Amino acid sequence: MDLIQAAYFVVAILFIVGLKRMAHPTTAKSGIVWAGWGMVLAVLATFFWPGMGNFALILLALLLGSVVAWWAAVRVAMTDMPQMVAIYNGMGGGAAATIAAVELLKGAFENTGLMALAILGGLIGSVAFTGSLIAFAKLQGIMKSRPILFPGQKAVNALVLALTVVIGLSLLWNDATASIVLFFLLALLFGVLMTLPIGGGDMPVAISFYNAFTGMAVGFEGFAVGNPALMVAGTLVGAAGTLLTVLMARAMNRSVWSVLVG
């Protein structure tokens, strides 16, 4: 507990300084390096979580995802870097949801307010996930670039979101394993629906928006389960990410709401 605490703490200082340095011209190159060590320290230190098992599945999954991902990033043309940022972002959010989802269906929550936090992070995660994939698809030409519009869409979107929130709250009284898969389907479903109307040209602001969204997703997820490394880094990026989205929109001589709609 106390050496993990100590490690995860130094990890925050490494992400804070790293993010701090990524933001200034002379110091940008080191920033990613500092944050890098942050990750390393964090990934090692978490091996010593008490009650830790399934190590083969763990080593498999770290190895599988980290390498295939690295492989892709290195081969891609500089011209496709926006969608790469998108798709790695999506999966960050998917992870936020998986954390939520597992804990939710061991119903491992005593505090119902923590449960609520977890569910909120699940919803936001799931949205970022499929939201960032639609973004990718569009850039890659796998889908229509321009706003995918239809009859009374505004209403169907609000409706799914409303339905999702609602059946989400449901898990506080009844946490039936059927309600959980429904909750996530709807959260993933609302992810896609949210981004159909977003034009390819606005995609930089959508992606910055989803980046804020998964950051927030993971900070919430971190508070719900007792994990400081997520709590800090999560909200650090959620907060910096929303500001970034404002500045990116401003720069593109246009507004965030506009991006979201048609």
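So that there is no doubt, residue numbering starts at 1 and follows the sequence shown.
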>> Comparing average C-alpha B factors as deposited, tell me which of 106 to 114 and 188 to 196 sits higher.
In response: 106 to 114
> Is the mean CA B factor in the deposited entry higher across 77 to 85 or across 144 to 152?
Replying inline: 144 to 152
> Say you rank 33, 68, 206, 225 by Cα B-factor from the PDB entry; which sits at the top?
Replying inline: 225
> Taking the entry's C-alpha B-factors for this chain, is residue 53 in the lowest, middle or highest third?
Replying inline: middle
> What third of its chain's C-alpha B-factors does residue 181 belong to: lowest, middle or highest?
Replying inline: highest
> Taking the C-alpha B-factors as the PDB entry records them, is residue 60 in the lowest, middle or highest third of its chain?
Replying inline: lowest
> residue 171: which third of its chain by C-alpha temperature factor?
Replying inline: highest
>> Quick check on the deposited entry: does the C-alpha B-factor of residue 229 sit in the lowest, middle or highest third of its chain?
In response: highest
